[PDB]
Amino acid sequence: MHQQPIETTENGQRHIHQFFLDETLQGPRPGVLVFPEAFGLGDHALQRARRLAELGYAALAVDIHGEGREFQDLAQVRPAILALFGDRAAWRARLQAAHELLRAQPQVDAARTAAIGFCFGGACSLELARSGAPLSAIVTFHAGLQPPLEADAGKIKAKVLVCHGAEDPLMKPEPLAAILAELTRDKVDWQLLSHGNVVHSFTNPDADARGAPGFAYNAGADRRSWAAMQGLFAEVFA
């Protein structure tokens, strides 16, 4: 396993992304962006990127806040997140730049990429798909997805898998249905895997200790969603 930091600046702020490649497999391979939960890049998302490398992918874990920062409370990151939610064009320009940074690594086959994300990271993955980036697939895990925009009609090129806790308060039934209606109008190849009795942050063991409501780890939902991701990637990268 090779783990390499990849540094950029964004309006002068240093970002330190973490790129994983397993030398067990030989030659260029599909690239996967891994977007963390809103707290920022930490062990949760780094472990996901390391495992994707073990499965044969070149995985770029995204430092969303800069300086590899991971915060403890969503209050610490709320202003930065609301600023992105309030300027989706600027957010998307940053997301497309991360995609181009992944594509440019020598061991990444620039034609074969995907994006996964957890929580806010899943919102990022769908915004990047809606920008029209040439992703082969996206997978979201317990994501609070942003609402559809009519200007994005027909832009998604990826296959889409939404892994969802049926009781997650951050992705309520009516807004989720509005998103599925967008994907259906545009004939996007989409799947919803909805887990009974599961809420937000179900892939993160630290969710059981969070003081905010609606958070709990669920080992079953995590394993089943991770397997469905692997199956989608095996389809598009066969």
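Throughout, we count residues from 1 along the sequence that is shown.
- Stretches 123-131 and 144-152 differ in mean CA B factor, with 144-152 having the higher one.
- Per-stretch averaging of Cα B factors for 206-214 and 191-199 places 206-214 on top.
- In the PDB entry, the Cα temperature factor peaks, among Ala61, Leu55, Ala58, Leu176, at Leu55.
- In the deposited entry, the Cα temperature factor of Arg14 places it in the highest third of its chain's modelled residues.
- When the modelled residues of the chain are ordered by C-alpha B-factor, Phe85 sits in the highest third.
- In this PDB entry, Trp91 carries a Cα temperature factor that places it within the middle third of its chain's modelled residues.
- Per the deposited record, the Cα B-factor of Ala137 falls in the lowest third when ranked against the other modelled residues of its chain.
- Placement of the Cα temperature factor of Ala110 within the chain: middle third of the modelled residues, per the deposited record.
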